[PDB]
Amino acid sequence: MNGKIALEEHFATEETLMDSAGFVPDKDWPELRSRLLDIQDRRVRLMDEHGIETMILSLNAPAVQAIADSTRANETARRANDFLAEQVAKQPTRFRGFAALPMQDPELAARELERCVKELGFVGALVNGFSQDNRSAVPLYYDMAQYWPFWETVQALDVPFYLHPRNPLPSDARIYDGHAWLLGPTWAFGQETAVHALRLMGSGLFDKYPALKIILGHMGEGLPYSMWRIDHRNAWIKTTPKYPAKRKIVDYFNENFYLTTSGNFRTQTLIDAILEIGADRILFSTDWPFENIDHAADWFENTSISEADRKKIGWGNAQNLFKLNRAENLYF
């Protein structure tokens, strides 16, 4: 299947590169490094060889979310976004960009997102879970009240926000002490991101800004399997859930969320997500360079779904969501 669109597709600057060291063995770092740093050459060749037309590119993790001085976070984000704009400009038929944002500061993040969308032509933002800010004794999650004006900006711009993983801070990771093998994509990434997404849904954010679009990778980080139980546990009790949101968690999931196939090339899992959130809200993605493009594409080529849904998940959903077949993207 030619013409696919992929949107969990990462790169690094020299400035952010070392954030990804640790996620593979030392013997494999030279390869990973080379993939992270390459946008124009081998990446596009692999795209051609595996039927990907468009990668929506994003900076690696945690990157800006781990820069605790918010003035410095803003500087790094601006440099990364300017670099990404230049790279997109070199092969504008094959690439679009997601914004890196200094979520340490709601005002700075909102201003940078405006600049990325209006001046740089980016199509959304990607953020690696919670932020570290020296001013806060605690990690910053985006349900907290100070973010609500930032979200108002996201909805006004009408671009999606990709809530990507990061690892929990060590003081929030004691269950994994001695079992470091569970950190990262094995498990801890998914728990961290699932809970952050649920915090957004419970907070009532989507009652106030109901047109927001949030994207989750990895088939939704376990959410579809357990979504029934989130709302329906202890169903004999007739009560009002003790969160500020007005409706069921599943309502916000169904209405405000999209899931990608990144790093979760498993047909059973895809089928469960289809039967829970529907194929209209599922997007192809690879997680290159942490996963192989050929692994992602070969799995998706043959996974057990209808040809109609293979086209929607492969490219139709993303083309519509990111308005890529519209005049502003094609001609301006």
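For every residue, the number given is its place in the sequence shown, counted from 1.
Comparing the deposited coordinates for 276-284 and 26-34, the stretch with the larger average C-alpha B-factor is 26-34. The mean Cα B-factor in the deposited entry runs higher for 236-244 than for the other of 153-161 and 236-244.
Residue-level inspection of the entry shows that, of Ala197, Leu223, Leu126, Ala77, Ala77 has the top Cα B-factor. You'll see in the entry that, of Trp181, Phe130, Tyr258, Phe189, the Cα B factor peaks at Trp181. Split the chain's modelled residues into thirds by C-alpha temperature factor. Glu14 is in the highest one. When all modelled residues of the chain are sorted by CA temperature factor, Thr71 is found within the highest third. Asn302: CA B factor in the middle third of modelled residues in this chain (values from the PDB entry). In this PDB entry, the Cα temperature factor of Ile39 sits in the middle third of its chain's modelled residues. Ranked by Cα temperature factor within the chain, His295 sits in the middle third according to the deposited record.
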